[PDB]
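Here you'll find one protein chain in two forms, each presented separately as C-alpha cells under the names structure 1 and structure 2.
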Structure 1
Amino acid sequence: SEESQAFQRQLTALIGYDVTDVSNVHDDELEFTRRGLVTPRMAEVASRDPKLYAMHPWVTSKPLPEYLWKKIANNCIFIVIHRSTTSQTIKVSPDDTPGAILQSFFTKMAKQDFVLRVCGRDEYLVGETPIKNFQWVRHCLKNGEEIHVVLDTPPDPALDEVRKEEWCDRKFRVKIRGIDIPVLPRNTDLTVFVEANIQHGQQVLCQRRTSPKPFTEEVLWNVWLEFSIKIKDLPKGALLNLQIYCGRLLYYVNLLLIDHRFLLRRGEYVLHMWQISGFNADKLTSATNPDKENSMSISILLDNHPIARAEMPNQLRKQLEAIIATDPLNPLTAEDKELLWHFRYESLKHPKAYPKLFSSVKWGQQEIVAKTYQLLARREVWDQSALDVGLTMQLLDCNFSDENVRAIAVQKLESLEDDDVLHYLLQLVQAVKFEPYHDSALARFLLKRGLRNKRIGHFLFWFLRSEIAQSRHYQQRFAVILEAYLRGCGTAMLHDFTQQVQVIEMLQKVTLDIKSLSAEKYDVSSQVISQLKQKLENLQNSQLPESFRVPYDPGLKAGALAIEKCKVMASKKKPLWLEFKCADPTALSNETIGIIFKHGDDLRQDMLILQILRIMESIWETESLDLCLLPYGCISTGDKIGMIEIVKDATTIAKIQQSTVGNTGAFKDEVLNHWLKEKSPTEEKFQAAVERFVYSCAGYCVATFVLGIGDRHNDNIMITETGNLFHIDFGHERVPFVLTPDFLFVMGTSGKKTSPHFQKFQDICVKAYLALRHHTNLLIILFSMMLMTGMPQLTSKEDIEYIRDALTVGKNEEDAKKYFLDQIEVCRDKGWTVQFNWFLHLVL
C-alpha cells in the first residue's frame, strides 16, 4: 500500500540506511531476518503494560548504599509537590510507594487521576516501588538536593500506539578462480597469494594457501583447494575466510559456509573484500564491501545439501579446579583442553568453567559437537546459578560461534533488571558484531528489552545508529535490528526520534561548514564567529524543531538556542559549544542545556570508556564507595563526529594554571587550592570542595590506571567549582596517572610528606582499587571487547594483557595494595616532569 511505503521512508530516514536495498547481498539473510523479527517484536508489543511503558519509571532493587542512608538521619524524606504556582512539603518514609504518598497529600489538602512527575523532566515517580528505589530520588540524595515534583495527568497510553504491520563424507573444497582490482596499490609489485581458512570462533579449523603469483591488476589460479575437513564435519557458523597476502595482510572477506536455512553454501561467488588499514571484530563480518568500483574482489566456486559420570581421582580435580579458577586471558594448553573435555561432566558443575570448557571443544568434528549439545541439554546447574554478568559476556565474545553456547548466555541476561541492562547495553549492542548470523538470540534480547522500556529503547536507538553510520562492516545487520525496534517503539517515540535526528542533522551541517573557515592557526577570528551567529539565527527561524530530546539525557527536552552563549571553540578541530533553553516551563532552575558538537575524533572510543566508568561506579556502589566520577554524556552520531554534554561551572586544570602566569609550560603548586577557595562562598563549602576533590581524584586515578589511560596532559583534566575532578577527551617518560603537585597541595601536602587528606586519598584509592579487583573477570572482558569492537588492529595478547597486569591478577590483597601505593609514589617522584614534557614536546 501507499502508506506502508511512506512509513518505510520514515524508517529509512531515522535509520540512515535502506534495509530494502539489495545491491550488496548474495543471499536473502537480511530479508529473512526482517520477517523473523516480526514475531518477537509483536510478542513484546502486545504484552507490554501501556501505563508503565508511557511513564517508564526508572527504578532499581538494589539497596540504598550506606553512604546515601547516612543522608537520612530520621527515616523521613522531604518531597515537594506543585500545581499552578502553589507547593506544599510532604514528609515521607523511604519505604513509601508513590501511591501511598498521594493519599498522604490528597488527605493533607482535602477533607480524578494524577501522577507525580519530576520538575523539569520527562520522568515519573509511579509504580509499586519504595520511593528510595527510584533513580531520580537516589540522584537527589547523592547531590544534596531537594526532590522537586509536579502533579498532573498520566500521559495518554494511546500516544504510544503502534502501527499495525502488513507483513556426505567428501572433503570440503573451494575453487579460487582469481582476484581482480582496477588499480594496484603503490610500492612496486610484491608477490600475492590467497589463504583460505575454515574458521569457527576465531579458531582456524583448517587452512590452505594457493601458489604465489605476480601481483597484477588481474591474477588467476583455477585451482581446487582441498581441505583436511570433511563436509559433514562443518559446524554451523563456520566461515570460509578468504585472505590475500603480499610481501603482508592486505585484503579479507568471509563467507558463511552454512546459511540461515541450514543449507551448505553452493555455487559461484564474486566477493568484494575489505582492505586492511596501515585481532578485531571487523575481520569477522559476513558483509562484503559495497564499494564495487575501487575495491578488490575474489571469485570462487563451491559445488559440494542438509543436516540439523564415574568419580574422579584427586590431584586431577586440583588440576581441573586450578584451570577453572584461572582468568579469561589465560591460554588453555592442549593438555588443559583435553582435561576439561574428558572431565566435561565434572566441569559442568562449575558455571565458571563454561568458557574454558566450550573453548575445549573440537568444533570441526560433528560427533563431538553433538556430545557438546547433549552436555548442554542437561544444563540445570547453569540454569540455577546466580547471574554473573562477566561469565556471560565471555560466552558472547569472539571465541564462541556456536548458537547453542551463545544462547545460554542470552538466557542468563533475561534476569537483568532494566537498571542493569542500561549499564551493559552498549557492549551488548557491540557484541552483536560477534554473532555469525544476523538473527540471533542476542539480537532478539536487545529488541525485546528495548521495546519493554523507553529508556532502554532510546539508547538502543542511538547506539545502533552510531554503528550504522560509521561501520561499513556491520551497518546492514545493525539496520535490520534498528528497523525492528522502530517498528514497535510507538508513534510518540518515532515522533520524538524523528526530531532528534533533524536537529543533529542540521547542527553537524553547521559544525562542518565552520571547520573550513579557520584552518589550524589557533586564533578564533571575528569573521568566523560572525558566521556562526548568522547560521544559528537562521535555523531558529523555520527549520529547528521547537523542542528536541537530549540524546545523551532523554529526560531533558531542549528548546531554543541561546545564540548569545554559543561559540566556535578554541581548539584545532572546531567544535561548537552550544547552549539551549529548556523547553519545560516547570524547571526549577533557569540554567541552560549545553552541548558540544565536534568533528575530528572517533567518539565511539569515548562512549566505550565512559560506559566502563559507569560500570565501575556501580561496582563501587556494591561496596558502599562513592568516588564522584563524572561520566558525562557523549554519543557518536557519524564518522568522526558527535555530541558531548557540557558540564557546568567547570574549567580545565591547564586553564587554572595559565591564568596566574600563562607561560611556556611553567606550573604552580598552590594555584588549584587558591582557585577553590575563590569559588567557595564559605570555608564550609570549601571543605566540601576539598572533600569531593579527594574522592574524585581517587576515582579517576584508579579507574584510569586500570584502563591504561592515566597519562594525560593537563588540558584534558577538568575540575568543577565545587571540587569534582574529571578526565575528558579519551578519543585514543611516563606516569601511571595524573597526581601532580597542584593536586597534592590541595591535599595539604608537598613533595614527599603526609597529611589527613592525603592519608584519606591513599586509603580510598586502595579500597576502590581492590573493589574493582573483586570483579576482575568482568572488567577484563569489557576491556577486551572494547579493544576489539572499538579501535583499529589490536593484539590478542599484548594490548589486552595490559589490564591483567594493571589489575595485578593472582595477587593477595596486600601485594595489590602495595603495587598501587607504589604507583601513587611514581607520580610524586616525577611531579611536573611529564606535564612539562608536553610543552617541550610541542617543539619535539
Structure 2
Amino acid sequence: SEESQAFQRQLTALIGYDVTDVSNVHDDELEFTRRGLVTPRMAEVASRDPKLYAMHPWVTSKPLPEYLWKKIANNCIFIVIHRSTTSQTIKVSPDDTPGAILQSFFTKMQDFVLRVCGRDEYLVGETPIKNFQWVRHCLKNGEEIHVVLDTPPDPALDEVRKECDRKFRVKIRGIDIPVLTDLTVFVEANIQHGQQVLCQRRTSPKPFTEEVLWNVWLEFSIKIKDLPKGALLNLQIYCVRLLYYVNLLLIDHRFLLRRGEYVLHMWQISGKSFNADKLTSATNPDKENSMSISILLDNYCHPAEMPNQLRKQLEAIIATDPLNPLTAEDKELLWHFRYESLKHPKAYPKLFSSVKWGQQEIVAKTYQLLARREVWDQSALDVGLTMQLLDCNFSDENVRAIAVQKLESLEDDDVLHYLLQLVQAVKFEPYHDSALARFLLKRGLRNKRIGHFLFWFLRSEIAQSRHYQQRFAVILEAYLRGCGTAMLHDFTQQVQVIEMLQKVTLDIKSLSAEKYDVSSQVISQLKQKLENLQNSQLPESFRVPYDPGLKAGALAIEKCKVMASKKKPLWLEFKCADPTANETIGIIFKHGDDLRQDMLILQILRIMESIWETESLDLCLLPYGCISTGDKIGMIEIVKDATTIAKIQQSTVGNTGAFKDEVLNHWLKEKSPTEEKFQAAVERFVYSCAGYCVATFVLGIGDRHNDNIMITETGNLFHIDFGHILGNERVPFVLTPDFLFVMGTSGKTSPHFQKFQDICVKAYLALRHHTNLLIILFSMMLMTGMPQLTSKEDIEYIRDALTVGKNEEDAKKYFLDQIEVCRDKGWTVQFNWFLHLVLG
C-alpha cells in the first residue's frame, strides 16, 4: 500500500533503524517477532480506557509518608483554581475524588476537568487526591496546589492506524578475515545455557591467515535430546587471548533444531569478563571488516521429612546473598530437597541454578516442580527477587516467565522506577519475542508516561548498540504502532529537535579543540547557528524527553552559551510553551561522556529515595533528568540556581583551592534573603548532604572531585557526571570542613552534626534491609551498562559496603567509622583531586 510504506518509513526515522531490512539475518526470528507482537499490541489498545489514557493520570497506591502527614495538620488542603479570572481557593479533604470536587465547585458557581498549570497533568479517575504524585511533590516543596479548570483532551487524537538419541556435533569449515606476522589461531565451540557451559570443544591450532580451513567435525558429549531450549552455540576465535565471538541458537523460536549451512560474521573484543554483549544472537552488521566463520549443522530431529541438620544447612544457603557462589554440594542439596526449597521464594534463584539443564529428565522434573506454584504465586511481590531470575543466569523461558508474572502487579509508579533496568534486562532474553518484552509492550501502551520513557530507553540502545539494536527496534516498532497518532506526533517533533541540536553540539566541539576554552568566534557561531535553526526547522514547541510533563517553546538565544568544560557541552534555555506557567526550561547537550551510565546511576538514586520514603525518610536527593540520545551523546536537565562547590571556593579563595572552610556558610547566607530561609537552607543541606553521603558510598562513586558536587541557592546539594568515576588515598564519600562548618563543627560536635549522623545511620540502615535488590540492580548495571568489562571483583564492592551478614549494630558503627575517615583527612583528598586536575 502506497500510504502504508510511508507510514513504515515514518516508523524508521522515529526508531533510528530499519526493521524491514533482512540483510543482517540468517533466519526469520525477527520478522516472526514483529508479527508475534501484533496480537499483544492490538489487545492492549483495545483494553485501555480512551479517556484515562488520553489524560494519563499519574497516581500511587503507596501509603502517605509519616513525616508528610504531619504537614496535613488540620486535615485540610489549600488548592487554587484559575480560569481566565477566578483565583479562588477551595479547601478539600485528602480523600476526596477530583470529580466530587467538581460537584463541589459547581455548587460555588461535568464536561470540564482539572489540570495542572504550566504542565500537562490531569487529576482524573477515582482516586483520593492524596494519591496523585504531583500533589505530594508540591507538599514536599512547601508549595500550594494550582489547578486550571480545563476541557478534557479528545481521545480521537489517540486513535491508531488500521492494522534423536545421537550426540550433537557441528562441522567447522573455517574462518575468514578480509585483512590483518606468524601467529596462531583456533576456534572454540561452547554449548551455553544461562552463562553455564554444558560442553566444550576446540579445533587444532592452524597458522593464522586471511583464510583458515578446518572442515573438522567437532563432536560433543551432549545428546541432541539433552539440548535445552535457549541453548547457545558459542563460537570463539583464539589468538592465548580471545579475538572474536559469535552466537547461534541451537534451538530456534519454533522449537526446531537448527539445521544446514551458516556463515556468521563475528564481533571483535577489547583486551586489557561479564558483558551483556557477549550473549547476543545478532551477527555483526558490518561484513566488510569483520571476521566470519562457516559451519555446518545436520541433525535429524522432528521434536517426606527433612532431617533437622540438613534443614539448617540449606536455610543458611537460602539466607546467603545473591553474589554468594554455590558450591557443588550446595546445588545437590538444593535439588534433592527441591520440593522443600520450593516453599521459600527467596531461594528460587539459587534452586534453579542448581538445575542441570543439559539433561531432559532433569528439566522435565524442573517443570513438574514448577507445576506447584502455590508458595510462589501467593507470595508478596519482591522486585529484587523477581529481577534476580531475569538476569544472565537463566536462559529457561518458563523460569523467567514466573518472574514476569510477579511484575504484572507492580502497577504504574513502580514500573517507572524499574523501567530502565527492565529494558536492559531484555538483553538477557535468549529469544527476540519474550514474556518480559511483551510485558514492557503492554505497560507502555496502557500508560503514556511509561510509554514515553520506554520509547527513549529503547532508542538509546538502538542508536549506540549494534548488538541489540535489531531486537529493540522490533520492540519499539511494535509500541509505535499502538501508541496513537498524538504520541507519534510528539515523538516526531522531539526527535527533530534532538537531531538538530546534536549536530550543533558536535560542530561546536570540533572547534576550540581539547583545551584553550572558549573563543569569541565560538560564542558567535553558536549564537548564529541557533537563530538559523530557530528560523526554519526547529518545531515551535516540543515535549521535554526527560520530563514529558514539560512542553518547551521557542529557544532563548541570548541565554544560551558554550560551557567551560573541555568537552564543550551546550547550555540551552527554552521559554515555557504553556501560557499558564516565566522561568525558562534549562537543558544541557553534551558529547564525549557516556550518559547511559549517568542514566543508570540516576535511576538507582530515584530507587533509593523510594526505599527511604517507605521508611519515612526524605533525604532531598536531586536526581535530575538525563537521557542518552545516542553514542557518547545526550541531554541533561538544568537544576536552577545551582552552582558547583568548586566555584564557590574560587569565588572567595582563588584559582587553586586552599582550605577556607567558612566559605561554604558565607555563600549560603549571601544567597539567603532572610535568616529564616538560611536556617531552612542549613536544614535542606544537612539532609541532602546525608543523602548523597550514604547513596554514593554504596555505589562506590563516593569519592569525587570538588567540582562534581553542586548546591542550589536553597541549600540542596547534589552530585553530577557519574560517567568516568566508576572506571577510574580514597575517601568513603565527600565530607568536608566546609560542609561541617555549616553544621557547626570544626575538625568536635554540634547539634546539626549529631542530626547529620542520626540521619545517615537511619538512611544507611534502611538500605541494608533492601540489600539484595541493590546488589542485583548494581550487578545488572555493570553487565548491561558498563563498557569496561565487569568482573566478579567489581560487582563485589557493594557486598562489603552494605556489610552483608554483619550485625545491625556492627554495621551502625561501620558507617560512623567511615564518617570518621572523612575528618581524618579534611582537604587531603580534595586537595589531591585539585592537584590531579593539573597533573598527573
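What we label the rigid core is the largest C-alpha set whose atoms superpose within 1.5 Å from one form to the other. Along the sequence of structure 1, residues get numbers from 1 upward.
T795 is among the residues whose C-alpha shifts by 2 Å or more between structures 1 and 2 once the rigid core is aligned. Per-residue C-alpha deviation between structures 1 and 2, core superposed: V223, 1.0 Å. Once the two forms are overlaid on the core, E414 shows a Cα shift of 0.3 Å between structures 1 and 2.
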